Amino acid sequence: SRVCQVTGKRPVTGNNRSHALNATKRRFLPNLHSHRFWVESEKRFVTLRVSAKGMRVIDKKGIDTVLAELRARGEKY
Amino acid sequence: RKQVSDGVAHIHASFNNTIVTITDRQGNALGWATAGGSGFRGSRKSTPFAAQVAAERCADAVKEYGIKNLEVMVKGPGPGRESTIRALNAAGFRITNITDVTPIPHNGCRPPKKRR
Amino acid sequence: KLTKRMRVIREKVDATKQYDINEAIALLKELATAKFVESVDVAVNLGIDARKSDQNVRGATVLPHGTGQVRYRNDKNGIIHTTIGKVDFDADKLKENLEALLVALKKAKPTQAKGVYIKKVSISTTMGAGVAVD
Amino acid sequence: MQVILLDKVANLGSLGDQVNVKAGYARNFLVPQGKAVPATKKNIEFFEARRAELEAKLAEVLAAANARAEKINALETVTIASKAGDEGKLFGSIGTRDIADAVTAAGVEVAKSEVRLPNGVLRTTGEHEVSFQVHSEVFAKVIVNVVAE
RNA sequence: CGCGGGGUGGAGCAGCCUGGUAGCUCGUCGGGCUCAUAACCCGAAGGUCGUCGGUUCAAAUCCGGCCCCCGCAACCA
RNA sequence: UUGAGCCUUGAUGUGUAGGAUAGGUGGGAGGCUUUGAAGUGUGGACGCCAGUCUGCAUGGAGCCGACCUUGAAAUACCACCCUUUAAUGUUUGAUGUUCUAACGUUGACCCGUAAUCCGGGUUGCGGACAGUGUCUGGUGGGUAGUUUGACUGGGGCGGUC
RNA sequence: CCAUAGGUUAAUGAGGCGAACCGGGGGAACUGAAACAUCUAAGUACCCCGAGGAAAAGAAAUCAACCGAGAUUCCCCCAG
């Protein structure tokens, strides 16, 4: 589904408030992208479906430190 | 300015109007003047005199380039030809060579039927 | 364009080094090395202009030192220019003399000023370049 | 994005400064090519003690150990037979592993990642000189003919 | 509720930016022309620029206002 | 390539009176020079072509202040900067060209594998475009929710409120 | 090449059903406004997931008014 594998963002819902405030339902989709990440430890490329915020987390924490907790949540990258 | 010394004068002496374009050797235009621009709207531009003032009005449109050597390329049937070259010679240009580049087809395109 | 007098001056006065309170008062004395005593040229870069004449400031300096109670004139593009004394007067004399104009200009407030009066001053020894005191 | 360097680079950095590059330049190119490592504080202290002279200058000497394997191709002149037409007109031009494995049996152990061709894929017949960057600093230069088989 | 734009002899257009040195196109009249009309060339008569204030050694142009026509996007008593 | 801002040597705008390519007032009425002058030759640049300028350097230790008539004071030193230029550095932007390493591949080949999916691997071509997310203007009876007055010699039309 | 992907075998656990309550993910319209769109109806009906005998919450980055009070939950008042 449309979930980020790092942060776990989900397609939340909301309203399309018009100018006259007619509320019609909508969805917010969380900017997902498939991106290959070079893990230096495993000496390979791991492809993850991350959001754009998830790349900044991988650019702030370690890739393998992030990938350590995908192992902890039972994700299967 | 580029200040080029040798240039080419093209003369489009058509039946109704004459266009004098002074270029460099490569062909890039520097300045021009026609008989219609010099006044003479109507029958007066089809005369040799309006061709003469058109060449003079083109000579002082390339004063900023300092051209001294002109090769003339006349083209067309009009009465401009044998008067607009004399205006360049009096204008203080050295006529290096004259040629006519009048486009004559080797017989093919149908010309118009015109003018009964 | 520039010769041996301001050749020594214009790299000894640093007009793009905008000085502090107790900095610029003495470093401009070397720029008056002529046969005649040179005076001050003050340019308080103001927030005034002659868009219309309601943004005009005239006045005077009630100064006990002087050149003398010196008056001044307005410019249209919004520069003041005064003269409050000589530079062969002693070094710290210029400190109270420069800010005596600003206590004279704080009470000289323009009525169509939509903004602060001064931004920063630059002065000169009448023959050199600009010394940017506060 | 602050990042510290491991090779020199083809540009601004010089092994030990921490330049601030755009985040796509670091993440996609510098770190998987091993020319950089991200500059958290535990890596900056890893740089001065561990990295800075120990095996950082293993790389330049091994580059200088390849700077004569730069010119272990003492012949630099290899012809390759591939069938053509009369007067040029090759059937199939040799590529770049077709020229890398050609020099493998006749000189240097080079794959096509290290072969740089100036003009296309060398379609025609004659002695033409293909460049060789096995090295990161200076190229090598190898004359190559191709005749009909 | 706000961005800039156009208003010039009876009728239509430039020169606005880079300030002084109001020009043309037609229609009206006066000549020349022609067997006559048309066309054509020369000269002239008609406006001081929608209106109100500014400054300068000089403004019909620039500075704001004010009026009409806009071309739009804006607009929840 | 290149605006646009910005640092700074350097640069700009003669109606006329009448020597005066000078922005406004002055400060102050002399800078200046032998860590080698006025007058000049020119490469140019600029140009209402009116007129000023500077560089190899000739010449080579003197030029010149309000005086002259001026509505004005003289880049002879001048402050800050006005219209426009300047090159150095910066700042991004604008396109343009090329690259490859993201990303695409419903190209080829290998493997998982007895498999037209899929994944991985080589490789080719594209390539920072494409595409997707958030925000945003336009379009939008494709769809949806609804409105579309009352009196009235029946209602509509006409009229009226 | 290594190594991973895959394969085989064993061990352990899950799956499904069930009335209400509970937490979460989605989420109407008729209706009311004497029409109707904001708004109501209502985060109700319903769908889906998950769990327990209860579940949820829960030990202050909370309130208070400079006096103080001391996690959450529920009831009565404040107060229509």
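For this deposited structure, the header notes the method as electron microscopy, 2.9 Å.
Every residue, even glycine, has its Cβ placed from backbone N, Cα and C.
Taken from Swiss-Prot, the feature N6-succinyllysine covers D:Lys71 (among others), and the record attributes it to experimental evidence. The Cβ of D:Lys71 (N6-succinyllysine) has D:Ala140 as same-chain neighbours under 8 Å, each 6 or more residues away in sequence.
Annotation comment: Swiss-Prot describes D:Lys83 (among others) as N6-succinyllysine, evidence class experimental evidence. Sequence-distant contacts of D:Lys83 (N6-succinyllysine), defined by Cβ-Cβ distance under 8 angstroms and a gap of at least six in the same chain, are D:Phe91, D:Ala148, D:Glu149.
As annotated by Swiss-Prot, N6-acetyllysine applies to D:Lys89. Within 10 Å of the C-beta of D:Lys89 (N6-acetyllysine) there are 11 other C-beta atoms, taking all protein chains into account.
Feature annotation from Swiss-Prot assigns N6-succinyllysine to D:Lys112 (among others). A coil conformation is recorded for D:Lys112 (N6-succinyllysine) in the three-state DSSP classification, outside any helix or strand.
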Simplified DSSP label at D:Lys83 (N6-succinyllysine) comes out coil
Note: in the chain of D:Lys112 (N6-succinyllysine), residues six or more apart in sequence with C-beta under 8 angstroms of its C-beta are D:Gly95, D:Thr96, D:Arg97, D:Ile99, D:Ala100
